Structure formats: C-alpha cells, structure tokens
Ligand SMILES: *[C@@H]1O[C@H](CO)[C@@H](O[C@@H]2O[C@H](CO)[C@@H](O[C@@H]3O[C@H](CO[C@H]4O[C@H](CO[C@H]5O[C@H](CO)[C@@H](O)[C@H](O)[C@@H]5O)[C@@H](O)[C@H](O[C@H]5O[C@H](CO)[C@@H](O)[C@H](O)[C@@H]5O)[C@@H]4O)[C@@H](O)[C@H](O[C@H]4O[C@H](CO)[C@@H](O)[C@H](O)[C@@H]4O)[C@@H]3O)[C@H](O)[C@H]2NC(C)=O)[C@H](O)[C@H]1NC(C)=O
Ligand SMILES: *[C@@H]1O[C@H](CO)[C@@H](O[C@@H]2O[C@H](CO)[C@@H](O[C@@H]3O[C@H](CO[C@H]4O[C@H](CO)[C@@H](O)[C@H](O)[C@@H]4O)[C@@H](O)[C@H](O[C@H]4O[C@H](CO)[C@@H](O)[C@H](O)[C@@H]4O)[C@@H]3O)[C@H](O)[C@H]2NC(C)=O)[C@H](O)[C@H]1NC(C)=O
Ligand SMILES: *[C@@H]1O[C@H](CO)[C@@H](O[C@@H]2O[C@H](CO)[C@@H](O[C@@H]3O[C@H](CO[C@H]4O[C@H](CO)[C@@H](O)[C@H](O[C@H]5O[C@H](CO)[C@@H](O)[C@H](O)[C@@H]5O)[C@@H]4O)[C@@H](O)[C@H](O)[C@@H]3O)[C@H](O)[C@H]2NC(C)=O)[C@H](O)[C@H]1NC(C)=O
Ligand SMILES: *[C@@H]1O[C@H](CO)[C@@H](O[C@@H]2O[C@H](CO)[C@@H](O[C@@H]3O[C@H](CO[C@H]4O[C@H](CO)[C@@H](O)[C@H](O)[C@@H]4O)[C@@H](O)[C@H](O)[C@@H]3O)[C@H](O)[C@H]2NC(C)=O)[C@H](O)[C@H]1NC(C)=O
C-alpha cells in the first residue's frame, strides 16, 4: 500500500490497535489503544458484545485527544471483572468508516489452590508413578514446575521429570525419593503471582534382606496410552511432542519420523530427551512421528499422527484499490487454512444481503469485481476468513481523487557509493491516475529502462552492480494525463577503502617498543576513521601509546599486552578489518 500525509484529503486508516484476545491486569489504570489517521477529523466509538457502549455515561472511562485511546482510573474503586467480553473500535469521517478486530477482553485470573485433604501415596521399591497437579482454571496456561516446601528446586533428570501439562512422572521410584516433599507451583504472567499446591509425600517398601537386590522389569508406556494418538498444530507454530516410559533400568527416549530424516536445523531435544520441539512449522513437517523407549530389558514405540492444520493466514491480503472513473478493479481475499477458512463479506460493517444495491458490484466465490467503477459505492469492505481454530480480519477502501503528479522527496539529491556495490535512488511520487515515472541520464532523450536499471512500485531505481559508466546526473519525471513533476539526483561512484599492508604477527620480550603497520587506500575526498581493538573489545588511546597515520606504536610491553590487535578502517560507505597476534616472553 501507499501512505498519505495529513495535509492531503484522506480516508481513515488505523495506525495501531490492541490484541484480539486482550488480557490485562486488575491493578493498573487500564488503557486501550485505538489510533487512526484522517485528513478530516475522525470520530471514535465502541461496542461490547454487539451492543453500543457509552463512554460519557461511565465516569471512570475517558478518551485521549485526537485519538480513540481509552483510559480507565480505579482510584475511586471498581473492578475490571465486570468489563469482560467482546469490544470493537469504530473510526469514522466524511470519506468512510473503518473497523477494528473484535477484542475478547478478559482479565487474567490467579485463583488460589482449593484446600484439599491429601493422603501421601505409597509404592514398593522401583514401581512407576504419575503425580498429578491439575491446577484450577488458568488463562493463560500458567508456568508449572515443582518445588520443595524447603523452597529448593527439585531433582530433575533422565529418570524422573515434569510434563508440559504439569504432572510429574517417575519411570521408577527409588529409596532416596522419601527425603523431601514435592509441591506443584504455577506462575501467572500478568499479575506476577505464584500458586502452590499442598505438598505431596511418598512411602517406599523395600523388603530386600542381607542374606542389585531389587528386581528388574520391562518398560511400559505411561502418558501416551495405547499405540496411537492424534495431535493438531497450526502452521507457523511451535510443535511440541512428549513420550513417557517406565522401566526399572532408566529408559532412553529416541524420536523419529515416517520414512524421512528429521530437519536438524529446527528440531531439538528438551526435557532430557523426553520432549521434541520444532521451529516454524509447514506442510513439509506434517506426517507421522514416533518415539522409542529403548531399555536393556525391552523397548517399545508410540506413534502420533501429526496433522499440520492451520488458522487462516494471508496468501493475498486485499490492498487498497485506487481507480480513475471508469476503470476496473477487483478485491482478492485469499487465506490458506486447514480446514479451509470460510470467507465472510461485509460493507461498512453491514451484511451484504441487505446492503444498498449496486450494478457495478459483482461477487463470486472469494473475489469482488467492480467493472466501470464510479463515485457510487465508495466504502470500506471487510473480509472475515474463519475456521474451527481461528479467524483473520481484513479491511480495504477505495478513494477517488483528481490531482496532478506530486514530488515527495527533496530536490537535487546527492548520493555517493563505491564501485562494485548495490545502490538505490529514492524518487517517490504519486498521482491521481497512475503516472509514469521516467529516468534520464546526462540529458539523453532515451529513458533508462532495461539491463542493470530496475524500477520498483514507489519509484526507487536500483543498480544491481555499478560500473564507472553509471555515474552522473539523473532526472526522474512523474507524468500523467493531468500534469507532470520533475526531480534531480546526482550519483557519484567513488573508490573503495581497502587495506593493502596488514600488521605483522610477532613475538616480543618484555620492555620492547613494538610497531604495527596498517596501510589503507581510501579516496582522498572521503572521511576516514582508523581505530583499534584489543582482543575483542575497543582499545583506548593513552599514554605510552602513539598513533601514527598508518601505524601504531606501544612502549613497554608485558604479559598483559599479549593477544590480538584489530585495525578498523571505515568510511561512511565502506569498512575493513585487519588482525595481528602479539606474544610475549619472560626474563
Ligand atoms: C469471524 O467469524 C468467526 C466465526 O466464523 C467469529 O468467531 C466467533 O466469535 C463468536 C463471538 O466471540 C463466538 O461466539 C461465542 O459463542 C459462545 C458459545 O460457544 C458456543 O457457540 C459458539 C457459536 O456462538 C453462537 O452460538 C451460541 C450458542 O451455541 C450463541 O450463544 C452465540 O450467540 C452464537 O449465536 C460455537 O462456536 C462454540 O463451539 C465451540 O465449543 C463447542 C462446545 O461448546 C465445540 O463443540 C466446538 O467445536 C467449538 O469449540 C459453542 O458451541 C458464547 O458463549 C459467546 O457469547 C454468547 O453468550 C453471551 C453470554 O450469555 C452473550 O452475551 C452473547 O450474546 C452470546 O450469546 C459467543 O457468542 C464463536 O464461537 C466464534 N466462532 C468460531 C468458529 O470461532 C469471529 O468473531 C469473526 N470475526 C469478526 C471480526 O467478526
Ligand atoms: C558492496 O557490496 C558487495 C557485494 O554485495 C559486498 O561484498 C561482500 O563483502 C563481504 C565482506 O564484507 C563478503 O564476505 C566475504 O566472505 C568470503 C567468503 O565468501 C564465501 O562464503 C560465504 C559464506 O561464508 C558465502 O556467502 C559467499 O557466497 C562465498 O561463497 C570471505 O572470504 C571474505 O573475506 C576475505 O575477503 C575480503 C574481501 O573484501 C577481505 O576484506 C577480508 O579481509 C578477507 O580477506 C568476506 O568475508 C561477501 O562475500 C561479499 N559479497 C556479497 C554478495 O555480500 C561489499 O562488502 C560491499 N561494500 C564494499 C565493496 O565496500
Ligand atoms: C522459517 O523462518 C525462516 C526465516 O524467516 C524462513 O526462511 C525463509 O525462506 C525463504 C524461502 O526459502 C527465503 O527466501 C529465499 O532466500 C534465499 C536467500 O537466503 C540467503 O540469505 C539468508 C539471509 O537472508 C541466509 O540465511 C541463507 O543461508 C541459509 O540458507 C541457505 C539456503 O540455501 C543455506 O545454504 C545456508 O547454509 C543457510 O542455512 C542464504 O544465504 C534465496 O537463495 C532463495 O532463492 C529464496 O529467495 C527467505 O530468505 C528465508 N528468510 C530469511 C530471513 O532469509 C523459512 O522459510 C521458515 N520456514 C517455515 C516452514 O515457515
Ligand atoms: C522503493 O521500493 C524499493 C523496493 O526494492 C526499495 O529498494 C529497497 O530499499 C531498501 C531500503 O534501503 C533496501 O534494503 C536494504 O537492506 C539491506 C540489508 O538489510 C540490513 O538490515 C536488516 C534490518 O532488518 C537486516 O535484517 C539485514 O541483515 C541487513 O543487515 C541494507 O544493507 C541496505 O542498506 C538496504 O537497507 C533494498 O535493498 C532495496 N531493494 C532491493 C531489491 O535491493 C526502495 O527503498 C523504496 N523506496 C522508498 C523511498 O521507500
């Protein structure tokens, strides 16, 4: 899209808005950002659960100047809990009306643990255990972890560990486990609060007599019951898998995939090889993953169907259509999702069914067509692509104006660059009908287009690799049926800064004055900076250290001076580094 300054007539456009699922803190004076841009003063208003919400009536709520950002003050009192639900921001002006996402405003809850009577659980030496947390309802899912009442972080290793769900898992209980209590703890991000479940205790029943006394045993599956399970993760998300075993000799978990090698760049082991995590996920990663609980006595596999589904994501987001009277335009709302996301069309937040009828407007599948567009039907169109999992919302408006091409950058720019480096000329422009911009060099009639000259949407001209021929005066002209505008830029190819004589690596004894030569070629008409780095951090010039134009001298070396010195020669357009190692002997 293209931006418009304030002075020029402009429909509304939302700069910044809060999250769809906006979660908040009960303490703070609560603030909701809704900011819009519009040459004619936009007016802002709000709606909760599909019913208007009156700001003036509520004394606590007040509005920022020249924006729709709302602030609520709790000094008097009151409670955020009563404000939960779906809210919507509306920014209106003469030209049109712009909407925002439906904000599922909820306040983070940090409920205390229900005081429950806990009998300590018992077990014979070396049987498996599943220690259950089951927190009270938590939005968001709290940070779960296990602590002693003595406040010490609790023994976690290959043998025994915690799940993502929050329960603790013992492949095999040992004698030592009785030493301490185990208490579940949950953090809530927003309030910075931790909840502690009543601590557990265990009892062990070794009967072994004096006379590896305890019996050995097969592995078994504990968390993923049965052979098979299904998990769904959305595209682009972090994928996480877990496998829990139970064998007297501590089982070892290995992870693999159906007829294919694991992408090592993205996958990694967490939680002592009992968790596997991947980075951004694609349909590549979709398929069948399984896990082995290898053990000396037996070994077993669990399979998981990893169907990579997706909340809708934009393939082609509809961008603003600028048309001259009688030009043809189409709006494309294409979101990819698994299952396929359902497309929903509204006109200024009104159902298309009952919208004012228009002959130019034709709707088909997911696309809207205006043939021979006129002043009529100038409004903001909305697309809600939604599925079981999630939804995406997109706005697009059409503005009709009649103005000649305008120049948006400084006149007579001066641009500098070295020989074989990529460069860019920024000549931004704009016009009511799409004006053709053309480049001219050294007063040549022929417009510059083709090899080694490329033009983008905004008008910046890129030189992929520069020759000495390219240097000179460039004129960019934006023109259309209505009128024209012109602008000048001078392009200068200068000489790169390269270090032809590097400092010499050397071995010196204590109390000798040493010199390092760093000769660099730079263009005479350029700002050169030459500094040094000791080891791997910047060096400070001082007493006993003399800096010559092309060399550096140190008096009175010792063992501390030993190391790597780095000559840095930089100009506005270029940078080069040279390194030398100095070693020191003893007396
Ligand atoms: C873009 O479109 C998408 C959808 O395509 C839309 O997302 C929907 O958003 C609304 C509003 O937030 C969600 O509706 C909520 O529904 C709550 C009850 O959940 C049940 O009903 C859901 C559908 O709501 C309709 O039916 C209910 C009665 O069922 C009715 O109250 C509503 O008014 C509405 O007519 C349904 O999706 C949901 O299904 C989930 O859970 C079931 C198990 O229960 C499970 O089987 C499903 O697989 C799924 O997981 C469930 O059946 C409702 O409580 C809530 O508010 C209502 O109650 C309050 C309090 O009484 C009232 O004040 C209020 O008026 C409502 O009556 C709300 O209505 C809906 O669930 C979303 N749909 C999907 C698919 O996610 C986006 O918002 C759209 N985007 C934009 C920008 O508009
Ligand atoms: C103007 O634009 C040009 C072109 O874009 C820039 O040239 C780049 O300069 C950097 C150095 O800043 C080059 O990085 C070089 O990497 C070499 C190894 O390259 C291979 O392997 C890398 C991955 O490691 C691949 O990406 C690449 O394709 C190659 O296959 C090193 O050997 C280089 O170091 C040595 O030579 C340089 C020469 O300048 C010396 O100064 C060093 O001291 C050292 O002796 C170097 O690190 C990069 O490859 C260049 N090309 C590109 C496309 O980036 C200019 O930096 C830029 N500015 C100017 C010219 O002033
Ligand atoms: C997960 O996120 C990443 C990061 O956003 C996504 O990576 C983008 O992938 C697309 C599609 O391939 C890329 O478009 C390509 O760009 C290539 C240029 O890449 C060079 O420069 C990169 C830095 O800009 C550099 O990282 C890369 O080196 C790495 O990959 C090389 C691939 O050959 C490999 O040889 C190297 O060893 C190193 O691992 C290259 O030097 C270009 O060559 C292609 O033709 C194509 O245009 C984007 O550039 C990637 N993003 C970025 C920031 O570079 C990835 O797709 C995401 N995956 C999923 C599943 O969502
Ligand atoms: C008109 O549209 C043109 C579309 O191509 C614009 O040309 C592009 O201009 C940009 C901005 O100067 C150039 O971006 C370059 O990016 C490199 C690398 O980025 C560095 O910084 C990022 C920060 O995230 C970092 O991730 C990278 O690793 C790099 O460290 C910079 O080194 C360059 O200086 C420059 O910023 C593009 O190169 C250029 N297009 C192409 C294809 O090269 C043009 O700017 C637009 N005109 C206007 C007025 O907006």
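Residue numbers (this note's numbering): 10 to 596.
Cβ atoms here follow ideal geometry from the backbone N, Cα and C, with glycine treated the same way.
Can you tell me where the beta strand (DSSP E) with residue i in it begins and where it stops?
i	result
residue 585	583 to 593
residue 97	94 to 101
residue 28	It is not in any beta strand (DSSP E) - residue 28 carries neither H nor E in the DSSP assignment.
residue 508	507 to 510
residue 391	389 to 395
residue 556	554 to 557
residue 485	481 to 488
residue 19	Counting along the chain, residue 19 falls outside any beta strand (DSSP E), and DSSP gives it neither H nor E.
residue 496	493 to 503
residue 444	Per DSSP, residue 444 belongs to no beta strand (DSSP E) and is neither H nor E.
residue 286	284 to 287
residue 54	52 to 57
residue 279	277 to 279
residue 371	370 to 373
residue 599	Any answer about residue 599 is impossible in this case: the structure gives the chain only from 10 up to 596.
residue 400	400 to 406
residue 80	79 to 81
residue 598	This structure leaves residue 598 out entirely; the chain is present only between 10 and 596.
If you reduce the DSSP assignment to three classes, tell me which class residue i lands in.
i	result
residue 343	strand
residue 165	coil
residue 540	strand
residue 72	strand
residue 124	coil
residue 353	coil
residue 571	coil
residue 292	coil
residue 450	strand
residue 362	helix
residue 478	helix
residue 187	helix
residue 466	coil
residue 471	strand
residue 321	strand
residue 225	coil
residue 546	strand
residue 90	helix
residue 244	coil
residue 136	coil
residue 261	strand
residue 425	strand
residue 44	strand
For a quick check, are the C-beta atoms of residue i and residue j less than 7 Å apart?
i	j	result
residue 228	residue 263	no
residue 106	residue 357	yes
residue 195	residue 163	no
residue 350	residue 321	yes
residue 547	residue 428	no
residue 557	residue 593	no
residue 446	residue 487	yes
residue 302	residue 313	no
residue 38	residue 82	yes
residue 417	residue 437	yes
residue 125	residue 113	no
residue 489	residue 454	no
residue 99	residue 31	no
Is there a Cβ from chain C that is less than 7 Å from the Cβ of residue i?
i	result
residue 321	Annotation note: the requested chain C is absent from the structure, which comprises a single protein chain.
Can you round the beta-carbon distance between residue i and residue j to whole angstroms, since I take them to be within the 8 Å contact cut?
i	j	result
residue 122	residue 204	5 Å
residue 475	residue 522	In fact, because the Cβ distance is near 44 Å, the residues do not count as touching under 8 Å.
residue 7	residue 139	Residue 7 lies beyond the range of the chain shown here (10 to 596); nothing can be said about it.
residue 291	residue 315	With 8 Å as the limit, residue 291 and residue 315 do not qualify as a contact, their Cβ atoms being about 12 Å apart.
Say yes only if the C-beta of residue i is nearer than 6 Å to one or more non-hydrogen atoms of ligand 5, and no if none qualify.
i	result
residue 590	With respect to small molecules bound, the structure shown includes ligand 1, ligand 2, ligand 3 and ligand 4 and not ligand 5.
Residues near ligand 3, criterion Cβ-heavy atom distance below 5 Å: 289, 291
By C-beta, the residues closer than 5 Å to any heavy atom of ligand 2, given in chain order: 427, 430, 505, 583
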